[PDB]
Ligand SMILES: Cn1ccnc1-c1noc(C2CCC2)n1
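What follows is a single chain, given as structure tokens, in the form deposited without the named molecule.
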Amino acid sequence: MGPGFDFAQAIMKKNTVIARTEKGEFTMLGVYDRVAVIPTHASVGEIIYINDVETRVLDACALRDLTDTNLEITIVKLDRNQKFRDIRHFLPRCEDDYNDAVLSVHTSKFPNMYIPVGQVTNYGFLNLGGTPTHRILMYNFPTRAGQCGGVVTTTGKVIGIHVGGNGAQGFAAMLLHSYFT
């Protein structure tokens, strides 16, 4: 509808796949090469379905900060026959707050879904499903089941992936350029 939704749509059309694990269907962001990200609660195994194609997982790493605290991001290398467009230059270098973000989801349940979530806070610490978690972004939208893995963008930046909510607020794990060197 405007330039925030334009950048979000460009990321969704070329840089997302539908990932299915034993824990459900997730929006999955491809970042570069055959490397993608998904929330750690997806419980990625040795095999994952990517747009309903059986796909070997070549590597999967659940990230933690140097406090040894959960970040809720898993980086997955996928045994695909195709690379993602390299979008690493749209990743923030630092922790920050943002205005006017969009959350975008694409699953069998929620295809072509875009939500203007507004102001994003560098929230930091969250007890997420009982697990101490760092680098959380927060927005004041009542996000629901089905939005985990959703991509959070501003104009020209891919800033996070949706990992949970409390009925009134939604929470995303930060994406940082340093995760993908």
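Counting begins at 1, following the sequence as shown.
What comes next is about the form deposited with the named molecule bound, which does not appear here.
*Asks:* Evaluate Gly45 for contact with the named molecule in the entry with it bound, applying a 4.5 angstroms cut-off between non-hydrogen atoms, and reply yes or no.
*Replies:* No.
*Asks:* If you check in the entry with it bound, is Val120 within 4.5 Å of the named molecule, heavy atoms only?
*Replies:* It does not: once the named molecule is placed as it appears in the entry with it bound, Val120 has no heavy atom within 4.5 Å of it.
*Asks:* Can you tell me which bits of 95-122 touch the named molecule in the entry with it bound, meaning any heavy atom within 4.5 Å?
*Replies:* Going through 95-122 in order - heavy atoms within 4.5 Å of the named molecule in the entry with it bound - the hits are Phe110, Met113, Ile115.
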